[PDB]
Amino acid sequence: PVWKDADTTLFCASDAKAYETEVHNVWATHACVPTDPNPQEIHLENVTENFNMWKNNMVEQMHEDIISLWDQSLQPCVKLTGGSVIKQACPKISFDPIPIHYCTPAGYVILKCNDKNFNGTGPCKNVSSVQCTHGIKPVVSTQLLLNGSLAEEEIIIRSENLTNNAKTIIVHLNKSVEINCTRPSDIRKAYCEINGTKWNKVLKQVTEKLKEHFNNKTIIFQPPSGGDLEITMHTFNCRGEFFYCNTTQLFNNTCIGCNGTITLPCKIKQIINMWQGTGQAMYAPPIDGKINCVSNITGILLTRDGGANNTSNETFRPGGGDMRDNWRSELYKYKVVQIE
Ligand SMILES: CCCNC(=O)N1C[C@H](N)C[C@H](C(=O)Nc2ccc(Cl)c(F)c2)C1
Ligand SMILES: *[C@@H]1O[C@H](CO)[C@@H](O)[C@H](O)[C@H]1NC(C)=O
Ligand SMILES: *[C@@H]1O[C@H](CO)[C@@H](O)[C@H](O)[C@H]1NC(C)=O
Ligand SMILES: *[C@@H]1O[C@H](CO)[C@@H](O)[C@H](O)[C@H]1NC(C)=O
Ligand SMILES: *[C@@H]1O[C@H](CO)[C@@H](O)[C@H](O)[C@H]1NC(C)=O
Ligand SMILES: *[C@@H]1O[C@H](CO)[C@@H](O)[C@H](O)[C@H]1NC(C)=O
Ligand SMILES: *[C@@H]1O[C@H](CO)[C@@H](O)[C@H](O)[C@H]1NC(C)=O
Ligand SMILES: *[C@@H]1O[C@H](CO)[C@@H](O)[C@H](O)[C@H]1NC(C)=O
Ligand SMILES: *[C@@H]1O[C@H](CO)[C@@H](O)[C@H](O)[C@H]1NC(C)=O
Ligand SMILES: *[C@@H]1O[C@H](CO)[C@@H](O)[C@H](O)[C@H]1NC(C)=O
Ligand SMILES: *[C@@H]1O[C@H](CO)[C@@H](O)[C@H](O)[C@H]1NC(C)=O
């Protein structure tokens, strides 16, 4: 077996159900093939391969997919794009993401890093070859990574350049923390419940691994200092509704009598700034009754403050400036190569 580094157009595979009206199933039924019924993972013995999650074309490929999934799936009452206004019908839709497998065509193969504490760049000594990645849910989110996979041993810090403060940091947790978001039966006010004990325990460990990477300086968390609501708030879609939740209680440092349930104030917003970059979208008011979603916090997006090089401290705020890193945090151990 011999291969070289290569980019190629991938196809997608799903367990999408053709009878479903849910938009991710609708999309993957007409835009993906069925899941590999006999997927074979092939260990490459005493091969060491280099990987680079920040320089990986599958990320931009998955990105183009999720954009076209959202363009076909969501129907706003009004789109505000490039100085024109298009207004269509905005019926409520069924929204619940499903895992998407990414697969190489003929003559290419996907390599998978399996070293447990791989950080995303550098050599991997435990390499396998696969035909499709594992099922990845396209969870659109800010501040927290939701419903993703877990690191298998220690918590991992991922960055293209930790000494560059403009590069987003991906925190891969080894322990999921549940975040239970409810809009009960003003109709836009909602709330997310988190186990404070669980979260403060994990974040303590996040601080200790960050301190391992910032030469034992004191690690401080802070809320985002300004921006649009999509930045200052943890946003996500629960059943077609766009939730905006204040996380200031999560990135508090004293709790690093607060060991019970954190209750995060949330609001369902009709008008949003589109993460596609294309502008302002307006949706209809939320459905009647209780809107609940229980998700797994599996990672944190952090950007570190600048100008503290002569300081005792490093101060980190939640979030990043590109949906692509959400995809990166599940595609980090994957690499396409051309078979030579
Ligand atoms: C001229 C600029 C237009 N710009 C935007 O409209 N922006 C600016 C930035 N590129 C990305 C921002 C974002 O994160 N939106 C979002 C929407 C829904 C969910 Cl569920 C979510 F988690 C996040 C939105
Ligand atoms: C390499 O990874 C495999 C698959 O995840 C796992 O069984 C173990 O960590 C390693 N095994 C060998 C033989 O290196
Ligand atoms: C990733 O691992 C390499 C060693 O292979 C190391 O040089 C690099 O700094 C690591 N990245 C981070 C963000 O720690
Ligand atoms: C998670 O990682 C930390 C170190 O990063 C470690 O102390 C802790 O035991 C790990 N937890 C689990 C459940 O593996
Ligand atoms: C990381 O960022 C710092 C400051 O932004 C820069 O001086 C350094 O050259 C960068 N390292 C790499 C490997 O690009
Ligand atoms: C949440 O994480 C647990 C393990 O931490 C896992 O068993 C469960 O399936 C996850 N839930 C979702 C919706 O991914
Ligand atoms: C989520 O919260 C609601 C109300 O706060 C509660 O009724 C429900 O049982 C909770 N679910 C889980 C899994 O904690
Ligand atoms: C938080 O997790 C602990 C274990 O870490 C568990 O015993 C407790 O029930 C949880 N508390 C809440 C409020 O969910
Ligand atoms: C950082 O702190 C730990 C404390 O456990 C210590 O073992 C380690 O040697 C320190 N490293 C540096 C470079 O100060
Ligand atoms: C989050 O809540 C705090 C008070 O708990 C408030 O001061 C802050 O302005 C809120 N964030 C936003 C973006 O409104
Ligand atoms: C995470 O997965 C659970 C179970 O599939 C789902 O109910 C929940 O809505 C998901 N969260 C998000 C933000 O998609």
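Numbers for residues simply follow the sequence, beginning at 1. Counting starts at 1 for both ligands and their atoms, following the listed order.
- For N246 (side chain) and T248 (main-chain N/O), a donor-acceptor pair under 3.5 Å exists by modelled atom type.
- Residue contact check: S141 has heavy atoms under 4.0 Å from atoms 22 (F) of ligand 1.
- A cation-pi contact, defined as under 6.0 Å to the ring centre and within 45° of the axis, links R158 to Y332.
- The N/O atoms of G279, backbone and side chain alike, include one that comes under 3.5 Å of an N/O atom in ligand 1.
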field: Audit row: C90, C77, disulfide bond (SG atoms under 2.5 Å apart) steps and yes/no
entry: CA-CA 5 Å; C90 42; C77 320; 2.0 Å; yes
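- Looking only at heavy atoms of the protein, atom 17 (C) of ligand 1 is closest to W275 CD1, 3.4 Å.
- Scanning the protein for heavy atoms near atom 5 (C) of ligand 1, the closest one is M274 O, 3.0 Å.
- Between the side chains of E160 and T121, not a single donor N or O lies within less than 3.5 Å of an accepting N or O.
- Polar contact check, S176 against ligand 6: a nitrogen or oxygen pair lies under 3.5 Å apart.
- The SG atoms of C181 and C238 sit 2.5 Å or more apart.
- The side chain of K209, and not its backbone, has at least one atom closer than 4.0 Å to an atom of ligand 4 (non-hydrogen atoms only; side chain from C-beta on).
- Exactly one of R188, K92, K290 qualifies for a salt bridge (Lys or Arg N to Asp or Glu O under 4.0 Å) with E241. That residue is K92.
- For the pair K112 and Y334, the cation does not sit on the ring face, since its NZ or CZ is not both under 6.0 Å from the ring centre and inside 45° of the axis.
- For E330 (side chain) and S149 (main-chain N/O), a donor-acceptor pair under 3.5 Å exists by modelled atom type.
- The protein does not reach atom 9 (O) of ligand 4 closely, with no heavy atom under 4.0 angstrom from it.
- The backbone N or O of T235 sits less than 3.5 Å from a side-chain atom of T142, completing a donor-acceptor pair.
- Counting only heavy atoms, the protein never gets under 4.0 Å from atom 9 (C) of ligand 1.
- Under a cutoff of 6.0 Å and an axis angle of 45°, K269 and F242 do not form a cation-pi pair.
- Relative to atom 3 (C) of ligand 1, the option among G277, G82, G321 with the closest non-hydrogen atom is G277.
- Distances between N or O atoms of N296 and those of ligand 6 include at least one value under 3.5 Å.
- Nearest non-hydrogen protein atom to atom 22 (F) of ligand 1 is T235 OG1, 2.6 Å.
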Trace of the side chain to side chain donor-acceptor pair (under 3.5 Å) decision for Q61 with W327: CA-CA 10 Å; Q61 265 181 268; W327 324 145; over 6 Å; no
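- When non-hydrogen atoms are compared, ligand 4 lies under 4.0 Å from neither the backbone nor the side chain of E208.
- Scanning all protein heavy atoms for the shortest distance to atom 14 (O) of ligand 1 gives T142 CG2, 3.5 Å.
- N296 and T298 are not linked by any side-chain donor-acceptor pair at a separation below 3.5 angstrom, with hydrogens and angles left out of the test.
- For atom 5 (O) of ligand 4, the nearest protein heavy atom lies under 4.0 Å away.
- Polar contact with ligand 4: present for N174 (N/O pair, distance under 3.5 Å).
- Close approach of ligand 1 to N237 is summarised as follows: ligand atoms under 4.0 Å from at least one heavy atom of the residue are 20 (Cl).
- With 3.5 Å as the limit, one finds no donor-acceptor pair spanning the side chains of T197 and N259.
- At a threshold of 4.5 Å between non-hydrogen side-chain atoms, the residues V206 and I300 count as touching.
- Counting only heavy atoms of the protein, atom 13 (C) of ligand 6 lies nearest to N147 OD1, 4.0 Å.
- In this structure, atom 19 (C) of ligand 1 lies nearest to the protein heavy atom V140 CG1, 3.7 Å.
- Between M323 and ligand 1, no N or O atom pair is found at a separation short of 3.5 Å.
- At a heavy-atom distance under 4.0 Å, only side-chain atoms of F242, from C-beta outward, approach ligand 1.
- Contact annotation for atom 2 (O) of ligand 6: protein present (non-hydrogen atoms, distance under 4.0 Å).
- Counting only heavy atoms of the protein, atom 15 (N) of ligand 1 lies nearest to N273 O, 3.0 Å.
- Looking from atom 7 (O) of ligand 4 to the surrounding protein, the closest heavy atom is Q205 NE2, 4.6 Å.
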